[PDB]
Amino acid sequence: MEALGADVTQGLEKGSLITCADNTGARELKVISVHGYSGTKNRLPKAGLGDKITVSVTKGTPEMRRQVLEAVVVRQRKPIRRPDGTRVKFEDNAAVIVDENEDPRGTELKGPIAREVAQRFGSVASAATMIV
Amino acid sequence: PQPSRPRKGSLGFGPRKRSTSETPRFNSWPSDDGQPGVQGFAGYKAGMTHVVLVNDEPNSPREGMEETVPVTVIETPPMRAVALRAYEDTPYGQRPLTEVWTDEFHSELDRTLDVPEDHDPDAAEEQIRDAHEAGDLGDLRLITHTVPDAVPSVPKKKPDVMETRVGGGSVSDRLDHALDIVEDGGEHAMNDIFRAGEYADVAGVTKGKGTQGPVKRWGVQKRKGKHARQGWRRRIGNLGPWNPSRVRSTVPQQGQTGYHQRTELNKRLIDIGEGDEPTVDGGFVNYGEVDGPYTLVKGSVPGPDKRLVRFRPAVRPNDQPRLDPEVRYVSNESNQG
Amino acid sequence: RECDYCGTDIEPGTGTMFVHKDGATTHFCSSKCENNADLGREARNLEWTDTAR
RNA sequence: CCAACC
RNA sequence: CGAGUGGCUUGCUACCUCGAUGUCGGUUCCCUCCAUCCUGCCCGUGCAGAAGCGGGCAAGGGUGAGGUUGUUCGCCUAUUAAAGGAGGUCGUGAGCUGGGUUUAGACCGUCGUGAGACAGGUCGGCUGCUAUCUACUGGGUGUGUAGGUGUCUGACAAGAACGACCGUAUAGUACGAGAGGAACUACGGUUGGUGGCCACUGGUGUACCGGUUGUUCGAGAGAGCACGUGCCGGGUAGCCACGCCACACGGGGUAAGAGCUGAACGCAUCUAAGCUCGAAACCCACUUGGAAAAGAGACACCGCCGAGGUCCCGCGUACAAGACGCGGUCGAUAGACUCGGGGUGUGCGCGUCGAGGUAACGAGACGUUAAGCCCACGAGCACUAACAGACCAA
RNA sequence: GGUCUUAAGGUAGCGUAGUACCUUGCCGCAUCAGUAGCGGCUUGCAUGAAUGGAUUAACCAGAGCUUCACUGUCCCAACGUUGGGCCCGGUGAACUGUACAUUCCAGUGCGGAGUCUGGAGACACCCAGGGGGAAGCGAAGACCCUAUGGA
RNA sequence: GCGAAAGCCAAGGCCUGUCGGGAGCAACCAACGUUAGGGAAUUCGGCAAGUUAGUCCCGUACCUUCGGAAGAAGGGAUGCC
RNA sequence: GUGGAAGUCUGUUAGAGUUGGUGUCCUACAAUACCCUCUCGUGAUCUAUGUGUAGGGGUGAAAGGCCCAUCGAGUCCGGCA
Ligand SMILES: [Cl-]
Ligand SMILES: [Cl-]
Ligand SMILES: [K+]
Ligand SMILES: [Mg+2]
Ligand SMILES: [Mg+2]
Ligand SMILES: [Mg+2]
Ligand SMILES: [Mg+2]
Ligand SMILES: [Mg+2]
Ligand SMILES: [Mg+2]
Ligand SMILES: [Mg+2]
Ligand SMILES: [Mg+2]
Ligand SMILES: [Mg+2]
Ligand SMILES: [Mg+2]
Ligand SMILES: [Mg+2]
Ligand SMILES: [Mg+2]
Ligand SMILES: [Mg+2]
Ligand SMILES: [Mg+2]
Ligand SMILES: [Mg+2]
Ligand SMILES: [Mg+2]
Ligand SMILES: [Mg+2]
Ligand SMILES: [Mg+2]
Ligand SMILES: [Mg+2]
Ligand SMILES: [Mg+2]
Ligand SMILES: [Mg+2]
Ligand SMILES: [Mg+2]
Ligand SMILES: [Mg+2]
Ligand code: NA
Ligand code: NA
Ligand code: NA
Ligand code: NA
Ligand code: NA
Ligand code: NA
Ligand code: NA
Ligand code: NA
Ligand code: NA
Ligand code: NA
Ligand code: NA
Ligand code: NA
Ligand code: NA
Ligand code: NA
Ligand code: NA
Ligand code: NA
Ligand code: NA
Ligand code: NA
Ligand code: NA
Ligand SMILES: [Sr+2]
Ligand SMILES: [Sr+2]
Ligand SMILES: [Sr+2]
Ligand SMILES: [Sr+2]
Ligand SMILES: [Sr+2]
Ligand SMILES: [Sr+2]
Ligand SMILES: [Sr+2]
Ligand SMILES: [Sr+2]
Ligand SMILES: [Sr+2]
Ligand SMILES: [Sr+2]
Ligand SMILES: [Sr+2]
Ligand SMILES: [Sr+2]
Ligand SMILES: [Sr+2]
Ligand SMILES: [Sr+2]
Ligand SMILES: [Sr+2]
Ligand SMILES: [Sr+2]
Ligand SMILES: [Sr+2]
Ligand SMILES: [Sr+2]
Ligand SMILES: [Sr+2]
Ligand SMILES: [Sr+2]
Ligand SMILES: [Sr+2]
Ligand SMILES: [Sr+2]
Ligand SMILES: [Sr+2]
Ligand SMILES: [Sr+2]
Ligand SMILES: [Sr+2]
Ligand SMILES: [Sr+2]
Ligand SMILES: [Sr+2]
Ligand SMILES: [Sr+2]
Ligand SMILES: [Sr+2]
Ligand SMILES: [Sr+2]
Ligand SMILES: [Sr+2]
Ligand SMILES: [Sr+2]
Ligand SMILES: [Sr+2]
Ligand SMILES: [Sr+2]
Ligand SMILES: [Sr+2]
Ligand SMILES: [Sr+2]
Ligand SMILES: [Sr+2]
């Protein structure tokens, strides 16, 4: 993928429960897999800011629950490092549901997004209210 | 079905024993291209700080932008190429033929060697030139030593001696180039060899940790879950199969870890100066203050503070040189805190 | 930059930026400041702080 | 599979 | 239908072992095989492209995470370049586990007149040992080569030190009616592996500073105990990873394969002689060890009445003993002191205020006070201690 | 089959059960995915009425399953504490010992060799270590069979 | 303090749950403290560890042999002067 | 409201016991020990001393448990070489 523009310490693993920062009807997401990732023996697959992940809906509307969908990690509590050395961290972990073209399934995003995620997923960005 | 997994640790840095010379010894030198020139230099590790640089990379989306970069400060005072040793080619490889020494010696070089009192620089030179005419001359190197005294933070006064190959144009031309340096006093500096922005390979004896177990030394797992409470916590599963009936040297075991020679490749030289611009408030921890010839190496360098590190022009650079990077800031913030 | 908590200047190539839930931003110069803020202390009531001084 | 008797 | 190879399954045999070679599965750690799952290079196609399908060379590297089940196997899920198979006493219990299996208790079904039986099911149910030899990982002392210091050589030895992927430009281009849709090459990044380092972020930090509960020292001050910090907050050095740095290109020879010249066989023929090319594979490049390489090495200088070394002393860039390294007045090596740089968070005492209360009394607030306390770091400084001194040595 | 053996021929209930071989039975629930678990169906290899059937509030260091909370069980390990470990003074055992013994790769051999054969490697001694091998030490195999053995 | 509970302290007893000396004191082991983000992914199985916790006020379901279930659950309060 | 029942609850009160760690130990401190966790604790309770039941016999809320480290038939000596 296109260089992110910052160094990330993956703060999530397969099975982690995160916030769905959009209005798709899904409230809580569970990480199932990380696109393009391949680990090592015993290592739990990890995901962090900027990664595209497959997810299942743990909490939300009946129609959304249990659906297996693609998403994009927009926020995480574990810090990340920007070119100027500063570390950046969020209040929670969150992802935005996305389709085969990486366009947000929802109409609006909730909460701030990291600028680095904007680079990668422009259409996701062209839905962001706040970009930090 | 027993998943695959790479082995624990590399088999290419063994045996993992205590190094014989604390002074690093390069086992390779740059190729002969440009004009003749000493292919290496040395210094003493002081500590680290960071510097904000202007992205130099012409292929970077950030070219021309601020960038914080970690730097290891190495005090690189002038050294003295004290002699010229010649190697001849023989059926059994290269062998020292003779050496051309000088008269001017640093006041304390006698803390390591028995300084020459009676030598014939011309008989030596003569034998060497005859070797070239004959075509039996191997490479040409300079016996070099440091000047610990120039460095206040380092307690040693006893100079460290190392041999550094001289490469360059034609042998005749660099042979003459070698003889010139030596004769003077051999006093040469970091500037004479490197330019800020070039890539250097740094060699040094790592920090010692004495005896350590397989977990730390080879990176084997610790025992897990229930297997961690029965009486074994940091011991590997087994020393090998029933057959072969012996323990292979490849199984991870306890032993000396640290204090090994390592040659770190492609370290970019961020800046070569003199003075106290890089020094840190309060002084570099366990080292002291810097105020003299110094080099800022990008990133980390093997060894503890005060150890002798060696520089060599990168023998296998991956990227082209981008000379004299622009340094907009050099942190001097205390390292205690 | 200045630390949004104690007031001292943040040494370049240092510190962390915490991104609040509402999108706000707080630039901390160190863990000490972060940790006092986490405790709910207001920099103005802490004597050693530049803000307080 | 299997680690005895069936 | 015919001919074989393997020794993973199963069967057969009873050769070895019953004065015992602990039994399945898993786990951990190491080496290997190729009948190749991916990656490199090829050939064919019912090969336009993209992609499939089949075949050849090839074992360098990789082959992962999860749900049921003790399970092996397998079924299933999302990832992936791919998530290959097999040998090592079905590698691995003087390594682990004890779910299964596999005693003694007990139950169900079936069988038995009964005692009791059932690779049928079910609940519970015990794992000893201070390593002699050998093996290997690391560390020493001697002898040999035959006075000392310093610097090297390189026979050998180890490496995967690197493997893989995504993205961009090429390019909505070649190809194709369209749908769809490449490559050479140049770049940016990720992942797995590898070695090192602590400026940054993060952890620790029973150094340290603060808050505070119970109790005891009459109160105050200052302290002990509450497990080797009572509890809580912060955290220097150091050590660490979750942090940071670095880990090619290029040559040489080949396999499959593509060809050249070319005859036996006037022609033809990549082959028989000769030759041009051509794989992640082989060799070199790179890193690490390496004078005990018995052909036991090379060079330079010093010394044989003295070069050098030992004891001793102050110490760590070193360290389980040993070893290693630095300094010893020609000196800043360690400590004291004073600065500097750090940690904590505003000391004792006193003064004002303070809900009230006749008063006594009074939790607490402000000032004095960027205070007080403390520091495994740095500088300065010979104040103290590196003194005195003994000895070996061609 | 629409009686026959041997008296009767399984009723109420319960049911894939701590009983179902087939079997991961089929449907549903729950999970990304559930040989598990729960509900239903049920022809029950081989349920069933004091050989008690069903049911059941309360109780339980009894067996199985799910959820919330939490966490170093795990990803993936780090730093620290106390006692050992290491060095020194003193005290001072035991297990084990046919012999030799510096081994390694192959082979051979009663087919599972440090000692046989061929090669390879190998200067002596000592310290620390984790235990690959000595089919290691400990116990005349608790299994199996055999004995004109025992209980 | 509810307390013959914990913890601390008297009277009284002891330094004999009887080998010491030394190394910032390494590997490894026994007990144990602290661990960012994730939060059972570990495992046959949450085994081990942890979470909760005292007292008062509010409030408390299915089911029931009417006893119980129940401290269900869930929520709030707590010092000093 | 009183009353204060209970093979009733909590409880390391005394006291009794022992689910798990398959922790420590396993030439032990110990031929059944140590630590934490855990269960009972007004009763078919626990406990001291005295006393009775004896080997094909006792005793047994039954595990072939127990009858002096010994039990699907104690121990000693004898039968017995
Ligand atoms: Cl995955
Ligand atoms: Cl393990
Ligand atoms: K046997
Ligand atoms: Mg695993
Ligand atoms: Mg620091
Ligand atoms: Mg800082
Ligand atoms: Mg036989
Ligand atoms: Mg045995
Ligand atoms: Mg093949
Ligand atoms: Mg291989
Ligand atoms: Mg086996
Ligand atoms: Mg074994
Ligand atoms: Mg065993
Ligand atoms: Mg043992
Ligand atoms: Mg079971
Ligand atoms: Mg069982
Ligand atoms: Mg059986
Ligand atoms: Mg069922
Ligand atoms: Mg009846
Ligand atoms: Mg026997
Ligand atoms: Mg039997
Ligand atoms: Mg009989
Ligand atoms: Mg943590
Ligand atoms: Mg698992
Ligand atoms: Mg438990
Ligand atoms: Mg009695
Ligand atoms: Na143990
Ligand atoms: Na074995
Ligand atoms: Na065959
Ligand atoms: Na096994
Ligand atoms: Na391969
Ligand atoms: Na499975
Ligand atoms: Na075996
Ligand atoms: Na065992
Ligand atoms: Na096993
Ligand atoms: Na080649
Ligand atoms: Na019946
Ligand atoms: Na009970
Ligand atoms: Na822990
Ligand atoms: Na062994
Ligand atoms: Na019997
Ligand atoms: Na004594
Ligand atoms: Na009444
Ligand atoms: Na117990
Ligand atoms: Na009898
Ligand atoms: Sr050298
Ligand atoms: Sr070399
Ligand atoms: Sr155990
Ligand atoms: Sr063997
Ligand atoms: Sr035997
Ligand atoms: Sr082959
Ligand atoms: Sr392929
Ligand atoms: Sr199966
Ligand atoms: Sr098997
Ligand atoms: Sr295996
Ligand atoms: Sr079992
Ligand atoms: Sr079974
Ligand atoms: Sr049975
Ligand atoms: Sr000899
Ligand atoms: Sr492209
Ligand atoms: Sr199109
Ligand atoms: Sr204490
Ligand atoms: Sr508490
Ligand atoms: Sr060919
Ligand atoms: Sr020699
Ligand atoms: Sr019926
Ligand atoms: Sr032999
Ligand atoms: Sr040992
Ligand atoms: Sr007293
Ligand atoms: Sr005594
Ligand atoms: Sr702490
Ligand atoms: Sr689980
Ligand atoms: Sr699981
Ligand atoms: Sr509550
Ligand atoms: Sr009771
Ligand atoms: Sr009780
Ligand atoms: Sr047990
Ligand atoms: Sr425990
Ligand atoms: Sr025992
Ligand atoms: Sr009572
Ligand atoms: Sr007895
Ligand atoms: Sr007799």
Side-chain angles (χ1 to χ4, degrees), chain A residues 1-3 9 11-16 32-34 36-41 43-45 54 56 68 77-79 81 85 87, chain B residues 3-4 6 10-15 17 22 28 48-50 59 70-71 85 93-99 112-114 116 143 155-156 161 163 206 208 210-213 222-227 229-232 234-243 245-256 259 262-267 281-283 285-286 288-289 299-300 302 304 306-307 316 318 331 334-337, chain C residues 13-14 16 32 35 39 47-48 53:
Chain A
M1 297 206 273
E2 182 181 56
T9 294
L12 314 171
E13 313 191 324
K14 182 178 183 78
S16 298
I32 290 178
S33 297
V34 181
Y37 186 81
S38 173
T40 192
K41 182 185 173 175
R43 179 169 293 172
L44 318 199
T54 288
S56 90
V68 174
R77 298 191 170 116
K78 191 66 186 178
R81 186 170 56 77
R87 305 297 185 178
Chain B
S4 303
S10 175
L11 259 14
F13 298 76
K17 48 169 288 177
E22 191 170 303
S28 268
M48 292 186 78
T49 70
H50 59 288
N59 296 301
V71 135
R85 163 178 282 175
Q94 301 194 310
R95 293 197 177 179
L97 202 170
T98 30
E99 291 158 50
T112 330
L113 342 151
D114 280 313
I143 302 294
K156 81 205 301 183
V161 187
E163 233 203 302
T206 63
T211 55
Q212 296 294 326
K222 295 204 310 176
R223 300 226 173 172
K224 301 297 170 183
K226 182 161 293 175
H227 305 302
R229 294 180 252 121
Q230 313 312 307
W232 298 257
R234 311 177 112 274
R235 300 181 183 182
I236 65 171
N238 68 269
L239 299 170
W242 194 312
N243 273 293
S245 301
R246 61 193 172 77
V247 177
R248 261 192 270 247
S249 54
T250 53
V251 332
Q253 299 198 66
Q254 153 260 64
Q256 245 298 312
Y259 203 71
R262 288 284 183 276
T263 295
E264 197 111 343
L265 280 41
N266 304 329
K267 313 300 274 191
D281 289 333
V285 186
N286 290 304
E289 310 175 319
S300 54
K306 298 182 183 173
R307 211 193 281 322
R316 49 179 291 185
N318 286 313
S331 179
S334 173
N335 276 356
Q336 303 178 65
Chain C
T14 271
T16 309
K32 181 180 174 176
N35 293 313
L39 288 173
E47 271 189 290
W48 56 270
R53 286 171 182 167

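Any value given below was found using the heavy atoms of this structure, including those in side chains, with hydrogens, waters and symmetry copies removed. In what follows, every chain begins at residue 1, and chains take the letters A, B, ... in the order their sequences are listed.
Checked against side-chain contact (heavy atoms from CB on, under 4.5 Å), B/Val247 has the following partners two or more places apart in sequence or in another chain: B/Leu239, B/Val251, B/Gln253. Legend: residues meeting side-chain contact (heavy atoms from CB on, under 4.5 Å) with A/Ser38, ordered by chain and number and at least two apart, are absent. B/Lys156 is linked by a salt bridge (charged side-chain N to carboxylate O under 4.0 Å, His left out) to B/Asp160, counting only residues two or more places apart in sequence or in another chain. For B/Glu163, the salt bridge (charged side-chain N to carboxylate O under 4.0 Å, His left out) partners are B/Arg85, not counting sequence neighbours. Remark: B/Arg223 pairs with no residue by the salt bridge (charged side-chain N to carboxylate O under 4.0 Å, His left out) rule, at least two apart or across chains. Take B/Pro70 and apply the side-chain contact (heavy atoms from CB on, under 4.5 Å) test, not counting sequence neighbours, and it matches B/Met48. For A/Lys14, there are no salt bridge (charged side-chain N to carboxylate O under 4.0 Å, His left out) partners at least two apart in sequence or on another chain.
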List, with names and distances, any nitrogen or oxygen atoms from the protein found under 3.5 Å away from nitrogen or oxygen atoms belonging to nucleotides 182-189 of chain E.
from	atom 1	to	atom 2	distance (Å)
E/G188	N2	A/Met1	O	2.7

Listing time: all N or O pairs from protein to nucleotides 77-82 of chain F that are below 3.5 Å?
from	atom 1	to	atom 2	distance (Å)
F/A77	OP2	B/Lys222	N	3.0
F/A77	OP2	B/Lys224	NZ	2.7
F/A78	OP1	B/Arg234	NH2	2.8
F/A78	OP2	B/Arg234	NH2	2.8

Where do N or O atoms of nucleotides 127-133 of chain E meet protein N or O atoms at under 3.5 Å, pair by pair?
none

- [ ] Determine, for nucleotides 197-211 of chain E in 5'-to-3' order, which nucleotides have protein heavy atoms under 4.0 Å from the base (write B), from only the sugar-phosphate (write S), or from neither (write -).
- [x] SSBBBS---------

Open item on the list: Using a 4.0 Å heavy-atom cut-off to protein, can you give one letter per nucleotide of nucleotides 58-67 of chain E, 5' to 3': B if the base is in contact, S if only the sugar-phosphate is, - if neither?
Closed with: ----SBSBS-

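Residue B/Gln256 is classed as a sugar-phosphate contact, given heavy-atom separations below 4.0 Å to backbone atoms only. In this structure, B/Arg95 reaches the sugar-phosphate backbone alone: every heavy-atom distance under 4.0 Å involves primed, P, OP1 or OP2 atoms, never a base.
Listed for the B/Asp281 side chain is no donor-acceptor partner under 3.5 Å among the backbone atoms of B/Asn335.
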